[PDB]
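Colleague: I have a structure I would like to understand better, so I am pasting it below and will then ask my questions one at a time.
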Amino acid sequence: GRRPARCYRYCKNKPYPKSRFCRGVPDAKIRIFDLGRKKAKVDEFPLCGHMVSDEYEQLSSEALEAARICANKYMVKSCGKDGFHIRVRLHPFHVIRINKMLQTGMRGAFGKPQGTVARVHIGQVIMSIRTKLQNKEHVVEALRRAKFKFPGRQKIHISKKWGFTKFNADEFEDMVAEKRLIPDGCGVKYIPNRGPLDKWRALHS
Amino acid sequence: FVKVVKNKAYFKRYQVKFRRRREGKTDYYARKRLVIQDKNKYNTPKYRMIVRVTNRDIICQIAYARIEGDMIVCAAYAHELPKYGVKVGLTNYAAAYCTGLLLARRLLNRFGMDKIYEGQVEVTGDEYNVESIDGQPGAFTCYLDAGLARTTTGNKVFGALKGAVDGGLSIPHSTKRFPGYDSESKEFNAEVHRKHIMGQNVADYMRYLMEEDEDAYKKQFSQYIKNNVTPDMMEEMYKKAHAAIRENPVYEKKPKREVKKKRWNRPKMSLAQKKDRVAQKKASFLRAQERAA
Amino acid sequence: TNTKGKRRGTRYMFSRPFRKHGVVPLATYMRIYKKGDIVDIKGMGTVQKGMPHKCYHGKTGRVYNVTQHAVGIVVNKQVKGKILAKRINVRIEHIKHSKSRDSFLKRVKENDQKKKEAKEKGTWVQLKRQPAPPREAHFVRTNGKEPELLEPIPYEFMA
Amino acid sequence: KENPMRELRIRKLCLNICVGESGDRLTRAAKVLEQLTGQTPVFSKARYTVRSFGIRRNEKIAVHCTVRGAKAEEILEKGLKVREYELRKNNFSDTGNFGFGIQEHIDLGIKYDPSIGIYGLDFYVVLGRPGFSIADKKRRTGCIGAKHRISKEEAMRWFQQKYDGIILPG
Amino acid sequence: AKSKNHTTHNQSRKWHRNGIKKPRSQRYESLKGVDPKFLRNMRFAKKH
RNA sequence: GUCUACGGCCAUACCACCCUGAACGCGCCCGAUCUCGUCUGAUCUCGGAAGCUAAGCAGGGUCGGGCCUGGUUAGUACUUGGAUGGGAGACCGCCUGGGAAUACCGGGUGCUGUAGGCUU
RNA sequence: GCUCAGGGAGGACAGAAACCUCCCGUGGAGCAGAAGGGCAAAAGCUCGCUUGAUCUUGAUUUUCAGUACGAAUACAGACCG
RNA sequence: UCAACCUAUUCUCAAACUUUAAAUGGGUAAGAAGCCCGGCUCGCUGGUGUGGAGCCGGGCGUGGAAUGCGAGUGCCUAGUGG
Ligand SMILES: [Mg+2]
Ligand SMILES: [Mg+2]
Ligand SMILES: [Mg+2]
Ligand SMILES: [Mg+2]
Ligand SMILES: [Mg+2]
Ligand SMILES: [Mg+2]
Ligand SMILES: [Mg+2]
Ligand SMILES: [Mg+2]
Ligand SMILES: [Mg+2]
Ligand SMILES: [Mg+2]
């Protein structure tokens, strides 16, 4: 019953979020965004593969959930059940409209909301899998299988960051040994040389 | 727990008051309605008579507003009344009248209008208003700044007002807030205001305490006793102070001394010193940890 | 079709700046305005009296009339194909002087002083602002070290 | 050797009786705490309207008063004599005040009229220190600083050394 | 049978055929709108 | 060096805690006859000078939060004009000139006008 | 003259929510209504007195044709609060 | 334990959100109607032959950025308003 994505594919409109003015939106069907062993520290998954995009287009929430399931299925088949962590780094906020014809015509044509849609830039990361450093080909194959659930051209890039952090994977170990970083779950905490030094003597206590 | 109210968001969104509004001193609403000259007057000054009653003296100034600040024309305080012979009691209604009189006569002598516009040489207490005479240079017109005093009846702000009015300033005023205007019968008996100007309430309270109990009298009044101020001397002392002020109103400053240049408060620590403080704190913590382990 | 309200479209225009809300500062009141003063307009939301129109927020005119709170100024407004020299009544806190007249005034007074003097002295000193000429010929010294060589960076995708 | 401008004082003793209705009960409760204090109390109205309790907006539902000084100390001593000088550790506010409540005013030392009846009271002692007038004077209003405030233990030690009462826990 | 509603297409060159010409600047412009008490005084100063 | 009275721009001045204030001040403070106002001399008003810098306030401190001003981000994003450039499109590249902002890393932490003191 | 929304800590019945008290509180409240602006010794809330919500000629702005009506802005002449 | 809560973090947004904040753009100024003196007048403003404005009289051309171009003004008027 939903129109094809090639109708609602280009970033044609102003971004039109679910708000006080556009209410009555049917709910986005991707609602789980992070999967796998999402309760695992930064230290035990060092590898991070990003499905980056290569077009300025619109991905549907249907396609985001289809690619989530297509990645998760291959990851729990290949890397074991909890040896990975996928996260979908797009949330569909733009909602799209449907002009229903049943006779009026184009008189007063402004659609009811039909669905939700994520707008993506050239180089904005769609999905990302955090895994161990020997599960490289499995994550490339999982992202390559999930690319067929999207329109357009997506590329696959294995980053030099330490998983889901903004710090580089070569100097992450030196920084965490120098105690400028602190593990606090799936992320890491950055500590400047700017605090009150009771925090300093608490860390080096 | 509670949610922390004064966070980074609170301080980033926080706007400060003006500095005088934070310090508490000024009311910008009344100050804007009081000092702003009309724009068709074109840089004509607008004069104010500022009254501030402190705990121990009374500041009476006359100032007009420029862009950099209120340049004060003339100033007259209450602690300079022992030059004329009011030894102690410098914050009461009578000393408010005396310093208003001194402000008026000193400003008139500063401008050159002490012979003209004599005002009330004898003190009556009733309504007076210095109406200007033709040919001679016109009367000095200024407006009364109370600041933050709740301007109710019998206020030393209006005592200094009546002091300037009897000195010769033409200030707009009503005889509603002088002591004597009773709220019931809605008239104004000027002899009660004269008693308050001459300090007869203080002399009568002095007599009342030395009749009721002399321990409370010596606790309440002591510098009066030290400067041998008696109740019968009070009105004649304030009249001689009025005559002394109206005969010699000019202020002569104290001479400026050669300083010693000694600094009484701690100077601001420098960048090198405070980085060395945090270096020594870290090194001392680490050596205390190795001498604890 | 848009509404034709007096304050339509002036959400961000008559609003105060960030953390500069509150009491209007008093030098704005204490500045005095003659006639013939070149005067900028910038309407302000805290004082609703004497509000200049959104057509004139940002325009500069000339004072022709001063009253006891407000000045009348003569601004050029452009409507469809003409320019009207029209006059408006603006309260005093919607208004600044312009320093664009002031730079001309100081240039005139220093030109007139260096035309008064250095004329019985004999020299002839330049009084017109010629525009910024091309750079004259100049040696550039490479004191010792060689010019550092640049060459483009290889492409690596960092995101 | 301690600075005499940090003497713990009682700044006020405020009393109220929240009767919950207007008219006869409220006027005679006003008369009973006027018999207590010696000054005419005031009538506290209602902010909101809750019909579960039986009150309406702007309806006079309570009587309160404020006592200062020697009268405050003597009324407080009467109330603590009712409360046998035994206060709980939860009867102390974090800002250093304290307060308690009694159930019949006949225990205070006020004789009875069947025209009036019996009522209970909330007593609340707002402790202070010399200098707390900074927080509510007008001309240069400031705050009170950190060293000069009154903490909870610093108040209840004062209570149990000035009244020789006990702080029973719970 | 609809039609076009509003346009400012050809209007700029229609204006700039005879030019956006600035107002007629003239020495001694008039006194209408000047403060009447000020102008009473001005014309008494001219009277005497 | 510094304070009061009135201020100007209104955080480089705010906020939290700690330290130190000599002299003059500014305060806290002591009272309620009178002026005045309250349930209450707490506030306001009124008369004072026994005590105290405890607080306000002032000066200083914090690998402080903030604020101000710099570096980075970055000639990046965006962009005026241009091509019979590319691309199926989306969009991108180039020629011509302009050119941002976070995070991250430094520096600063009120200046000042008029009047009157203190440092005999 | 006072500070508002909210929160914390206390107090006989009293509680999740009646009233009293302290502390924090840049507006998160209120300003009749729609929204946007604006506002903290106020434009809010509470009191006291009130009728400038009055009589009158011109100028101006806004839509604009640079015309009306509407609404509004500075002035001016009294008569007042 | 599991929730709310709270504090430092983290992913993604906004036409009717915003601390910041461009490019293009919109006013004004680039002098003789301008400066600088001397003096009168005023019932307005006025501590103050104060302030402001208006009048007289005199002195000053290096015509006060580049470029380019003779300008200003008044009648009568068609057609047009898909
Ligand atoms: Mg569209
Ligand atoms: Mg006032
Ligand atoms: Mg058509
Ligand atoms: Mg048409
Ligand atoms: Mg007292
Ligand atoms: Mg102190
Ligand atoms: Mg101290
Ligand atoms: Mg800091
Ligand atoms: Mg008011
Ligand atoms: Mg109103």
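We're sticking with Swiss-Prot numbering for chain B, so the shown stretch reads 3-295, in order.
Determined via electron microscopy, 3.4 Å.
Even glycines carry a Cβ here, placed using N, Cα and C.
Swiss-Prot lists these features:
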- B:258-268: compositional bias 'Basic residues' (COMPBIAS)
- B:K220: SUMO2 cross-link (CROSSLNK)
- B:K220: SUMO1 cross-link (CROSSLNK)
- B:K5: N6-acetyllysine (MOD_RES)
- B:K48: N6-acetyllysine (MOD_RES)
- B:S185: phosphoserine (MOD_RES)
- B:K220: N6-acetyllysine (MOD_RES)
- B:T232: phosphothreonine (MOD_RES)
- B:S272: phosphoserine (MOD_RES)
Colleague: Counting Cβ atoms within 10 Å of each candidate's own Cβ, which of the modified residues B:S185, B:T232, B:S272 comes out highest?
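Modeller: The residue with the most neighbouring Cβ atoms within 10 Å is B:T232.
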Colleague: Where the residue listed as 'SUMO2 cross-link' and B:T232 (phosphothreonine) are concerned, what is their Cα separation in Å, rounded?
Modeller: 13
Colleague: Compare the C-alpha of B:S185 (phosphoserine) with the C-alpha of each of the modified residues B:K5, B:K48, B:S272, and give the closest one.
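Modeller: Checked the modified residues B:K5, B:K48, B:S272; minimum Cα distance to B:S185 (phosphoserine) goes to B:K48.
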Colleague: Could you check which of the modified residues (B:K5, B:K48, B:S272) sits closest to the residue listed as 'phosphothreonine', going Cα to Cα?
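Modeller: So, of the listed modified residues, the one sitting closest to the residue listed as 'phosphothreonine' is B:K48.
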Colleague: Looking only at C-alpha atoms, tell me how far B:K5 (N6-acetyllysine) is from B:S272 (phosphoserine), rounded to the nearest Å.
Modeller: 37
Colleague: How long is the line from the C-alpha of B:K48 (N6-acetyllysine) to the C-alpha of B:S272 (phosphoserine), rounded to the nearest angstrom?
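Modeller: Here the two Cα atoms lie 46 Å apart.
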Colleague: For the recorded positions listed here, B:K5, B:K48, B:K220, which shows the highest count of neighbouring CB atoms within 10 A?
Modeller: B:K48
Colleague: So, by DSSP, how many helix, strand and coil residues make up the compositional bias 'Basic residues' (B:258-268)?
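Modeller: Summed by class, the stretch gives 0 helix, 0 strand, 11 coil.
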Colleague: Does DSSP put the residue listed as 'SUMO2 cross-link' in a helix, in a strand, or in coil?
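Modeller: In the DSSP reduction, the residue listed as 'SUMO2 cross-link' maps to helix.
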